[PDB]
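The structure appears right after this line, and notes come after that.
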Amino acid sequence: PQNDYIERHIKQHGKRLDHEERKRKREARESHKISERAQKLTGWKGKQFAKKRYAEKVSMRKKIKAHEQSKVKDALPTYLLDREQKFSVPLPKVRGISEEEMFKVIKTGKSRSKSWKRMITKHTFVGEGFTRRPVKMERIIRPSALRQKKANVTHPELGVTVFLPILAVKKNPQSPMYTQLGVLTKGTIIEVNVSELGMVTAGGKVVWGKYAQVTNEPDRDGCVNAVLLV
Amino acid sequence: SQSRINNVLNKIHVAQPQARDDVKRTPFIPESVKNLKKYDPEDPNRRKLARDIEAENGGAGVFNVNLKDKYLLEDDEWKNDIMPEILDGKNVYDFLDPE
Amino acid sequence: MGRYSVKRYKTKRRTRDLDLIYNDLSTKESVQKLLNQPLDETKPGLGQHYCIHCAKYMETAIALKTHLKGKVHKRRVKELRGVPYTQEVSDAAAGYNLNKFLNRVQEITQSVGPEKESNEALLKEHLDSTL
Amino acid sequence: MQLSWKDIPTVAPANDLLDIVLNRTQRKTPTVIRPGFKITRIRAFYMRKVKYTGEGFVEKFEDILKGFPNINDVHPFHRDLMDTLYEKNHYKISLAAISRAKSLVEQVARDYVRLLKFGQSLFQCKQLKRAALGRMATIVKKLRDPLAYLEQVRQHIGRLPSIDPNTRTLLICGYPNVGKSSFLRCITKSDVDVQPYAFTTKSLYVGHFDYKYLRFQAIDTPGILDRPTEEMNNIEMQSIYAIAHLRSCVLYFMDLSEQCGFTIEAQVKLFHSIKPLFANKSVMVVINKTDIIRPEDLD
Amino acid sequence: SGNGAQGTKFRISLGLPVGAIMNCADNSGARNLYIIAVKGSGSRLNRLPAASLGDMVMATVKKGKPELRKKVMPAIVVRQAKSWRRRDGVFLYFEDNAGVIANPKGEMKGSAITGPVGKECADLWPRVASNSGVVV
Amino acid sequence: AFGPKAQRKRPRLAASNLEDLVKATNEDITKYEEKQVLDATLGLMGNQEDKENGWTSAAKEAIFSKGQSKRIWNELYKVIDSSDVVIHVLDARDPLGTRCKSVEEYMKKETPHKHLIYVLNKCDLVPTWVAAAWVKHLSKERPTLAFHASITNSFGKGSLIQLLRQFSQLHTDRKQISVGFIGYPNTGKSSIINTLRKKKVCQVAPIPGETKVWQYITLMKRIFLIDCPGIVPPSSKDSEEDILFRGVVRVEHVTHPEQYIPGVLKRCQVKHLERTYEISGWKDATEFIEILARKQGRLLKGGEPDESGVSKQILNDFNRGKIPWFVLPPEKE
Amino acid sequence: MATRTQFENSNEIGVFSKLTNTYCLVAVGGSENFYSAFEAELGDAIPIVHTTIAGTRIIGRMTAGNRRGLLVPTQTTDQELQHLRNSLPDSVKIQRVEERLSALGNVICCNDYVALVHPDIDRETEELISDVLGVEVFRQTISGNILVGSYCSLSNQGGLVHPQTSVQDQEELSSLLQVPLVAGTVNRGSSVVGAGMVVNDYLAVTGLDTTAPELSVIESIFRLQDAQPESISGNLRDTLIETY
RNA sequence: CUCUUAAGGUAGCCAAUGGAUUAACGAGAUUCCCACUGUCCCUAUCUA
Ligand SMILES: Nc1nc2c(ncn2[C@@H]2O[C@H](COP(=O)(O)OP(=O)(O)O)[C@@H](O)[C@H]2O)c(=O)[nH]1
Ligand SMILES: Nc1nc2c(ncn2[C@@H]2O[C@H](COP(=O)(O)OP(=O)(O)O)[C@@H](O)[C@H]2O)c(=O)[nH]1
Ligand SMILES: [K+]
Ligand SMILES: [Mg+2]
Ligand SMILES: [Mg+2]
Ligand SMILES: [Mg+2]
Ligand SMILES: [Zn+2]
């Protein structure tokens, strides 16, 4: 068969003789079936059924509201219309993180008798030109999978988020030791490259570096989120 | 195109014989074959085929055909006769002989 | 049943049959074909140095000569002296295809036998000359 | 050539695909883990979740990508026909969006397995697995429009007639209502509908017959209006591309009774206008409807 | 019973498990065949798949043409050394194990088969029967 | 664009006229015919006809994928992350064949402060001018040092040591520097380290995978050397034959080595082969193997020559340097 | 007079049946549909016989004969031989042959007047073929192919050889057989034509998968229809050029 | 102030040889091949 052969077949032969009646009775039985499913489905399927029922009812209410609203009834230039898009920090206080949580003891030796190496369990920024220290003298371990270079920065102005490279770690509120180790936890002040935002000072200089505050826990969600400090 | 020429010639040729002897080799068609009436599936009065016999008796895999029914013997009562095979450690078949 | 007989006469370690070797020796064409073989890489001695009686390849001509000077080869030669014992002999001893067996024996004694003997004589003297 | 592309598996939309893959993870991988177990066990549990979900999405995307035809590698007749039917630009952009989603899902799975190697507790490991699955879900949700387009394309392209561009072909062409479909019905057993109104036939129809122990195919085309190519529409583009590509015997049908709605002068103008199309193709003119009026008794 | 086989196949004693090497009885240039799989094989823990006469196997050529080598191809077993029962009333066996190269439809790659072919295999495979000079 | 609610009824870019349409379609058909002829020269003669008869190429042996394990690559990235200087060890017989271009790219992109140089080892296995030309052509890209590794009779040891002293003096801010040795298996990294130490401190063997973990060696108080397991970057153009002739696989685990013997005949000079093996007169690889086996007495039970054993020994001789061969350097400009 | 049928969905008609001018032999397998396909063309004009050879079904490949004789191999039981003798009239000679090459259908290709034989058949088997089948005997190959009975299909009117048979070989074989020869396939490209079809002077039966050009060539060479000689190669040249 | 790419056509100069790629030996560690087989498919049977 070719092209719309089922539609042509219906046009040339019709449907089954009980098609309309059977479809009509199925649609009439739908109300009983929906009630039976709501009371009989169990577990995950029941929870999904209730969730979908709530969403459908919300959608119907919005459609009714829009219909009745219809039945009742920035100052951009010409080339931008018809187009779419206190010195307190936002996190003055964050959860305290102890050294027991921050560091993991690494055991060394054949019988695991030595315990002087420590591994940082959080995400870090190691800076440019990082080379690992030789393994015999490496006390602090900052593994490469937990090293970050870029962050999602939200600008309070214009409400946009951009993926910006990290320039430095300015202040980790937990400790200056974590600051100098480059630990990126919630509330850490970082320096970010803001070159693609196109900022200019009052003197005509181009801004390409500013500060931001980390607003999430990268050890929990695998990424760095920060809000720009403006 | 000269590429598909040789094989076309080789497969389009018909080999022909030429004499080699004065012996007549003529096609042989039996008289009953040449007098046979053509079978018609859509015809009320046709020969009954063995598959029709099978379908009316048991169908395929249930009908048990008798292979002795077509025997051309001197006496037709001999058709359903069991041929003995062994007699006292001897095969009957290698003693069976005219005269 | 015993290990010696099992591992010597296992079916996968079978050797050529004596009636087949008798047929190999009966005709001159078979003798020449088995005497002059193409260089085969997978046979000992590159397919040369083949004793027809024992159906056996030797690595070298000196090996073939030392083999011909042996009781094993003479045993095989003695075995190939008589009628090659087909199934016809067993059938006739049972008393079946008697005329066929007797005709075969007459043909062996009249034609096939002496021709095989002459071929064996020529083959032995050729092996003596070349070895 | 493949010549026919009915064997493409069904393309689920974005929400349905999310349901299928995520519920497959919840069903086919174990769901019970305890905070009292070894951290190695907990990490392996959540790593298996992330990896299995990633593989499910990748297998769906691969089944999509392998099934659909390669528009630039098919015979040029099929390339032009599918371009007319489905808009080649949108076709390739949708398939490329699927390919990009596949790459992003693989990257997310690899990144979060590597992170999960350093998880210290059930809470952190669970948060990392939820982050990985949520990022996969975001990627899939961004595929909503291309998936719906591709599902429509798959359903339509599975029903296209199989046309061999290198076999023996009789092309049938002319104005609407001149008898093209009627002649195809007379010479083949194709079931093309015959009606007294313009453009009953909106796609190419194929029939077959045997002449001197050879299989011939005949192509009925939608009618052609006498317009320039710039104002020619896609329905006529089907016939134009068929005539341009298929080396054949083109049969141009003429009606002298003008019951097609067109005059004899217009039909001759159409012939002389489509004259450049049948170069190095055998051409015949069939004057249909001679039971009404014959060429003998013209003016 | 395999694709291309003609009808059903009754059980025969198995003689060729995976890892066996049989001779090549056709004239396609192969010398022996190494069995790596058996078509129609069942499944049971620790049990080796094995082939009998008239079975289709997947085999590689160990000795023969390099063109035939490094390729996995179907083969049909035409002789076996393991004794098997014929329903007429005799146990019988051949001197060697032997197979012939085929395609998945069971059509012969070579043009002739040297040596006898078991009746069971010949009756199961029509192309083997057509290429056979000796049928036991 | 398409569907129940589609509004496109015309082509976006119509042909200018029917003459343009027919000419473009004729050119497209001719290009398609030529392209299909070109792919029928190879692919239909190969892969497509194998499915018709049901033939399949045998499985790729797991031995040819050695040097590509996650453990080895974890070790490699660890040594790179620890190294201030990275030495890429190349075989003087086939340096471009033994180059790790992907790792060079990654180092130039992600770690530009690490200094990457070339050491061309096994320079005693090629003629003098071949080594000179290879040093000249590789120096256009990176600093290259020709080398012969040996504890007692080496070449280039003083040059390499004074170069590492210059690197240390440049990084006087660091209290010590680390030099990591990377490259293909069996190119001689452990040998070079042993040569610099004048002591057998790293295990050396012709079998691939002799070095399995990294190893620190103190050369001077301010210079450390890091031995690394060999790596083989995956590629699609490189075949199992190329991998085998680069000395990467264990020949004793390959299935049929007689099929790789013709590559030996292609890569080696005939007079050199006949001087190495005291034979002559072969016209093909199988004849060469048979003659060598009969000379050596490598016969099996029954007089068949041991083709596989002789082929494995030949492949070992080629890789271990008992047969002279080299790849010509690029032409002088 | 070329018909198409299958034996239990097999296109190998010549494997499972034997057709001469005066009798037809069929395998016993399953229903009576194969027998009835032959009976629809032959009626009661010649005997159509159900038979087994060594308890097998491959009877066209196990036996050879013509309108005067029928040769069965040494594996035939006394009971099968007796059943064949009871079914056929005395005008057909029936002989059991002691030959090593027991696939007589594969190793003998014959008609009422001549026979091609495998080059290694016995002298006694050749004399028996000459005496019982009543034909001249020639030791031959079809372009290097032994198994002439499976790689050639022959009648008194014409012959079909496998399509890789050269022109010179065709000419020499046609002179030996004194019938016109053509090269072709059967059953949609099969080269084993003798095992693919059966034919006599007034009937040919091939598999269902035989294409219309192959069937037209078969009818032409065997002169099956009333006005269809072997000289319509010129009339079918266009179809054969398009097909080949 | 200066430093490295001058070396060229399948084996060179320079001092038989240019070597630890060391023969032999070894209840030393390791890989593979032939032969061989109840290690196994898949277990059966006999003696004390
Ligand atoms: N009198 C007459 N009318 C015809 C003939 N062929 C077609 N028609 C009529 O013409 C109308 C359109 O024919 P159709 O096959 O749809 O032409 P198409 O539009 O070119 O495919 C139908 O209503 C037919 O009844 C013919 O040969 N004679
Ligand atoms: N002739 C020669 N052989 C060498 C040289 N360097 C190394 N080899 C040999 O090549 C083989 C592999 O050496 P190895 O140090 O283990 O290479 P690795 O895998 O990179 O560590 C050893 O047998 C060495 O003796 C050299 O400069 N010349
Ligand atoms: K090594
Ligand atoms: Mg129409
Ligand atoms: Mg097991
Ligand atoms: Mg090493
Ligand atoms: Zn002897």
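The way I read the labels, and the way they are meant: chains A, B, ... in the order of the structure tokens, residue 1 as the first residue of every chain, and ligand 1 as the first ligand shown, with later ones counted on from there.
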
Please find the residues of chain C near chain F - the criterion being any atom within 8 Å, counting only C-alpha atoms - and write them as JSON, numbers by chain. {"C": [41, 42, 43, 44, 45, 59]}

Chain F near ligand 6 within 12 Å: what's each residue's closest atom pair and its distance in Å to one decimal, counting only C-alpha atoms and all ligand atoms, ordered by chain then ascending residue number, as JSON lines?
```
{"residue": "F:89", "atom": "CA", "partner": "ligand 6", "partner_atom_place_in_ligand_line": "1 (Mg)", "distance": 11.3}
{"residue": "F:181", "atom": "CA", "partner": "ligand 6", "partner_atom_place_in_ligand_line": "1 (Mg)", "distance": 9.5}
{"residue": "F:182", "atom": "CA", "partner": "ligand 6", "partner_atom_place_in_ligand_line": "1 (Mg)", "distance": 9.7}
{"residue": "F:183", "atom": "CA", "partner": "ligand 6", "partner_atom_place_in_ligand_line": "1 (Mg)", "distance": 9.9}
{"residue": "F:184", "atom": "CA", "partner": "ligand 6", "partner_atom_place_in_ligand_line": "1 (Mg)", "distance": 9.6}
{"residue": "F:185", "atom": "CA", "partner": "ligand 6", "partner_atom_place_in_ligand_line": "1 (Mg)", "distance": 7.1}
{"residue": "F:186", "atom": "CA", "partner": "ligand 6", "partner_atom_place_in_ligand_line": "1 (Mg)", "distance": 6.8}
{"residue": "F:187", "atom": "CA", "partner": "ligand 6", "partner_atom_place_in_ligand_line": "1 (Mg)", "distance": 8.4}
{"residue": "F:188", "atom": "CA", "partner": "ligand 6", "partner_atom_place_in_ligand_line": "1 (Mg)", "distance": 6.7}
{"residue": "F:189", "atom": "CA", "partner": "ligand 6", "partner_atom_place_in_ligand_line": "1 (Mg)", "distance": 5.6}
{"residue": "F:190", "atom": "CA", "partner": "ligand 6", "partner_atom_place_in_ligand_line": "1 (Mg)", "distance": 4.3}
{"residue": "F:191", "atom": "CA", "partner": "ligand 6", "partner_atom_place_in_ligand_line": "1 (Mg)", "distance": 7.3}
{"residue": "F:192", "atom": "CA", "partner": "ligand 6", "partner_atom_place_in_ligand_line": "1 (Mg)", "distance": 9.4}
{"residue": "F:193", "atom": "CA", "partner": "ligand 6", "partner_atom_place_in_ligand_line": "1 (Mg)", "distance": 9.2}
{"residue": "F:194", "atom": "CA", "partner": "ligand 6", "partner_atom_place_in_ligand_line": "1 (Mg)", "distance": 10.2}
{"residue": "F:200", "atom": "CA", "partner": "ligand 6", "partner_atom_place_in_ligand_line": "1 (Mg)", "distance": 11.7}
{"residue": "F:201", "atom": "CA", "partner": "ligand 6", "partner_atom_place_in_ligand_line": "1 (Mg)", "distance": 10.8}
{"residue": "F:202", "atom": "CA", "partner": "ligand 6", "partner_atom_place_in_ligand_line": "1 (Mg)", "distance": 7.0}
{"residue": "F:203", "atom": "CA", "partner": "ligand 6", "partner_atom_place_in_ligand_line": "1 (Mg)", "distance": 6.3}
{"residue": "F:204", "atom": "CA", "partner": "ligand 6", "partner_atom_place_in_ligand_line": "1 (Mg)", "distance": 5.7}
{"residue": "F:205", "atom": "CA", "partner": "ligand 6", "partner_atom_place_in_ligand_line": "1 (Mg)", "distance": 7.4}
{"residue": "F:206", "atom": "CA", "partner": "ligand 6", "partner_atom_place_in_ligand_line": "1 (Mg)", "distance": 9.0}
{"residue": "F:207", "atom": "CA", "partner": "ligand 6", "partner_atom_place_in_ligand_line": "1 (Mg)", "distance": 9.4}
{"residue": "F:208", "atom": "CA", "partner": "ligand 6", "partner_atom_place_in_ligand_line": "1 (Mg)", "distance": 8.2}
{"residue": "F:209", "atom": "CA", "partner": "ligand 6", "partner_atom_place_in_ligand_line": "1 (Mg)", "distance": 7.5}
{"residue": "F:210", "atom": "CA", "partner": "ligand 6", "partner_atom_place_in_ligand_line": "1 (Mg)", "distance": 5.7}
{"residue": "F:211", "atom": "CA", "partner": "ligand 6", "partner_atom_place_in_ligand_line": "1 (Mg)", "distance": 4.4}
{"residue": "F:212", "atom": "CA", "partner": "ligand 6", "partner_atom_place_in_ligand_line": "1 (Mg)", "distance": 8.0}
{"residue": "F:213", "atom": "CA", "partner": "ligand 6", "partner_atom_place_in_ligand_line": "1 (Mg)", "distance": 9.4}
{"residue": "F:214", "atom": "CA", "partner": "ligand 6", "partner_atom_place_in_ligand_line": "1 (Mg)", "distance": 9.4}
{"residue": "F:215", "atom": "CA", "partner": "ligand 6", "partner_atom_place_in_ligand_line": "1 (Mg)", "distance": 9.8}
{"residue": "F:226", "atom": "CA", "partner": "ligand 6", "partner_atom_place_in_ligand_line": "1 (Mg)", "distance": 10.8}
{"residue": "F:227", "atom": "CA", "partner": "ligand 6", "partner_atom_place_in_ligand_line": "1 (Mg)", "distance": 7.0}
{"residue": "F:228", "atom": "CA", "partner": "ligand 6", "partner_atom_place_in_ligand_line": "1 (Mg)", "distance": 7.0}
{"residue": "F:229", "atom": "CA", "partner": "ligand 6", "partner_atom_place_in_ligand_line": "1 (Mg)", "distance": 6.1}
{"residue": "F:230", "atom": "CA", "partner": "ligand 6", "partner_atom_place_in_ligand_line": "1 (Mg)", "distance": 7.1}
{"residue": "F:231", "atom": "CA", "partner": "ligand 6", "partner_atom_place_in_ligand_line": "1 (Mg)", "distance": 10.9}
```

Write a file of the selected residues as a PDB file, in the first residue's frame, keeping C-alpha atoms.
```pdb
ATOM      1  CA  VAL F  89      60.393   8.627  23.932  1.00  0.00           C
ATOM      2  CA  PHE F 181      58.899   9.580  30.792  1.00  0.00           C
ATOM      3  CA  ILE F 182      56.022   8.719  28.449  1.00  0.00           C
ATOM      4  CA  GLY F 183      55.639   6.890  25.166  1.00  0.00           C
ATOM      5  CA  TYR F 184      54.806   3.584  23.549  1.00  0.00           C
ATOM      6  CA  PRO F 185      55.674   0.285  25.238  1.00  0.00           C
ATOM      7  CA  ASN F 186      59.154  -1.120  24.549  1.00  0.00           C
ATOM      8  CA  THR F 187      60.600   2.163  23.273  1.00  0.00           C
ATOM      9  CA  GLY F 188      63.111   2.140  26.144  1.00  0.00           C
ATOM     10  CA  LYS F 189      61.851   4.503  28.871  1.00  0.00           C
ATOM     11  CA  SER F 190      63.070   2.284  31.717  1.00  0.00           C
ATOM     12  CA  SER F 191      66.327   1.845  29.801  1.00  0.00           C
ATOM     13  CA  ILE F 192      66.864   5.615  29.563  1.00  0.00           C
ATOM     14  CA  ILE F 193      66.211   5.995  33.287  1.00  0.00           C
ATOM     15  CA  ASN F 194      68.676   3.181  34.028  1.00  0.00           C
ATOM     16  CA  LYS F 200      69.532  -1.029  36.952  1.00  0.00           C
ATOM     17  CA  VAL F 201      66.847   0.711  39.012  1.00  0.00           C
ATOM     18  CA  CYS F 202      63.881   0.040  36.673  1.00  0.00           C
ATOM     19  CA  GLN F 203      62.856  -3.334  35.256  1.00  0.00           C
ATOM     20  CA  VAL F 204      63.623  -3.778  31.552  1.00  0.00           C
ATOM     21  CA  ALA F 205      62.133  -6.467  29.309  1.00  0.00           C
ATOM     22  CA  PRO F 206      61.068  -6.753  25.656  1.00  0.00           C
ATOM     23  CA  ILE F 207      57.615  -7.953  26.711  1.00  0.00           C
ATOM     24  CA  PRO F 208      54.947  -5.214  26.817  1.00  0.00           C
ATOM     25  CA  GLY F 209      53.494  -4.378  30.192  1.00  0.00           C
ATOM     26  CA  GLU F 210      56.730  -4.875  32.137  1.00  0.00           C
ATOM     27  CA  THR F 211      56.195  -1.493  33.821  1.00  0.00           C
ATOM     28  CA  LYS F 212      52.765  -1.580  35.480  1.00  0.00           C
ATOM     29  CA  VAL F 213      52.852   1.343  37.952  1.00  0.00           C
ATOM     30  CA  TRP F 214      54.751   4.611  38.141  1.00  0.00           C
ATOM     31  CA  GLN F 215      58.139   4.755  39.837  1.00  0.00           C
ATOM     32  CA  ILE F 226      59.093   9.300  36.925  1.00  0.00           C
ATOM     33  CA  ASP F 227      58.852   5.994  35.069  1.00  0.00           C
ATOM     34  CA  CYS F 228      55.419   5.360  33.546  1.00  0.00           C
ATOM     35  CA  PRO F 229      53.724   2.360  31.912  1.00  0.00           C
ATOM     36  CA  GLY F 230      53.520   2.462  28.141  1.00  0.00           C
ATOM     37  CA  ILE F 231      50.445   3.867  26.408  1.00  0.00           C
TER      38      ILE F 231
END
```

If you run DSSP on this backbone, which residues of chain E come out as alpha helix (DSSP H), and could you give them as a PyMOL selection string? chain E and resi 119-124+126-131

With only C-alpha atoms (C1' of nucleotides) and all ligand atoms counted, collect every polymer residue having an atom within 9 Å of ligand 5; state the result as a ChimeraX atom specification. /E:45-47

Which residues come within 10 Å of residue 8 of chain H, counting only C-alpha atoms (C1' of nucleotides), excluding same-chain residues fewer than 6 positions away, as a list in words?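 Skipping anything fewer than 6 positions along the chain leaves residues 128, 129, 130, 132, 133, 329, 331 and 332 of chain F.
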
Quote the spacing between atom CA of residue 162 of chain F and atom CA of residue 90 of chain F in Å to one decimal place.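 That distance, rounded to one decimal, is 19.9 Å.
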